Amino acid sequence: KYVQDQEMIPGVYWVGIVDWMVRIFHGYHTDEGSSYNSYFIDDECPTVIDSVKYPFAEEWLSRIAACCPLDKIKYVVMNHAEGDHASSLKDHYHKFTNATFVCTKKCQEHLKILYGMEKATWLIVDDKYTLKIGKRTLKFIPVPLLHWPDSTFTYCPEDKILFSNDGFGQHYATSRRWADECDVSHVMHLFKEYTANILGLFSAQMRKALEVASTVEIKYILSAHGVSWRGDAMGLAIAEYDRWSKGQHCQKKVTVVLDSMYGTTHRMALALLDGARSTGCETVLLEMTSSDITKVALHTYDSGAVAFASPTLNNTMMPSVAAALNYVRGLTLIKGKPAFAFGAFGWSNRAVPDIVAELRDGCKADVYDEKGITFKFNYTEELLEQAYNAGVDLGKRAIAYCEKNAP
């Protein structure tokens, strides 16, 4: 015995791993690590839900074996073929001598392409298939493009458990298995960060999945990342997804994202920020030299209005701002939102036009003022006052936006 068995509810065990050390994960800055949660269901047909990424294969296998001999597992349910939940299967899928791998057709296709699994036995399920595992039954809820074509939730009607896989997840390494055992506001913070960064462009798919969830009874949501959900905290998590899925998740908040070389665009950004704050909005300033794209997604996600700024560098915007806009564009996080642009230049104003074009045509933001504010080389008190006034207007627009899109 060198693992602790962790029964979370009667007959359902956490057999995942905590990734204490991960700091960059597919470009997400996981400042608090993550976990790859897998579950063991102690029933007539002993069942494993999901796997883990491949450096942790032996730890995963050890926790399963502590519950049930690997050769007595009957079913391994795979919700999603992504490596963080999957990749252990490439070299380890055989240790489940007598198991059937249970998944949808699209999941089975991706698993084979990724990891091979040439000798595996399959059971291909769908949204009408009911799988008897003894006392319990399992249903399968395809959630295509939430966030992959193969994404699935597994639902146990008897215990009222949703195995939501990436759904309801947070990149959060902890020894606690439930949200309510932590600071719930901290878990909700990471839950929103996960939503912004991974799910941002899939609000429509979320509406569909929440609609399905609303037709069944759920007392527990066991996610594949971070902590799991029950009772009141579970209510909060569901409500946040619900508002987000309807575009009702924004706050009276302005975020300014920028980079700067000699600090003048930064000083203007501070004056604009005070203007926005004067309207009663929360204001956040994110400078790419001290921030990252993961935080840009987090804050733009629930901002009522945004500003992006850069001085002109080599006839365009700074690369860090190009990265941030690419990321926000891909994730659709500012679509329809008031968006302002400003920046210094030395001889030819190019960054601001480029930012404006990207916000308007790329992000489909509400670029209400295409001129923005530009200045040659240095600010002055009058320019600071102009930035402040633009901030007042931006904060007013954020408040009006939130009212228009209110929950």
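Residue numbers run from 1 along the displayed sequence.
As the entry records it, the average C-alpha temperature factor is higher for 3-11, out of 3-11 and 397-405. Higher mean CA B-factor, judged across 301-309 and 101-109 from the recorded values: 101-109. Remark: of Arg177, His186, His94, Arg243, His94 shows the highest value [criterion: C-alpha B-factor in the PDB entry]. Between the residues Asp259, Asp84, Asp292, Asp159, the entry's highest C-alpha temperature factor is the one at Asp159. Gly343: CA B factor in the middle third of modelled residues in this chain (values from the PDB entry). In this PDB entry, the Cα temperature factor of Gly231 sits in the middle third of its chain's modelled residues.
Among the modelled residues of the chain, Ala237 sits in the middle third by CA temperature factor in this PDB entry. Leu146: CA B factor in the middle third of modelled residues in this chain (values from the PDB entry). Among the modelled residues of its chain, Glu217 has a C-alpha B-factor that falls in the highest third, as given in the PDB entry.
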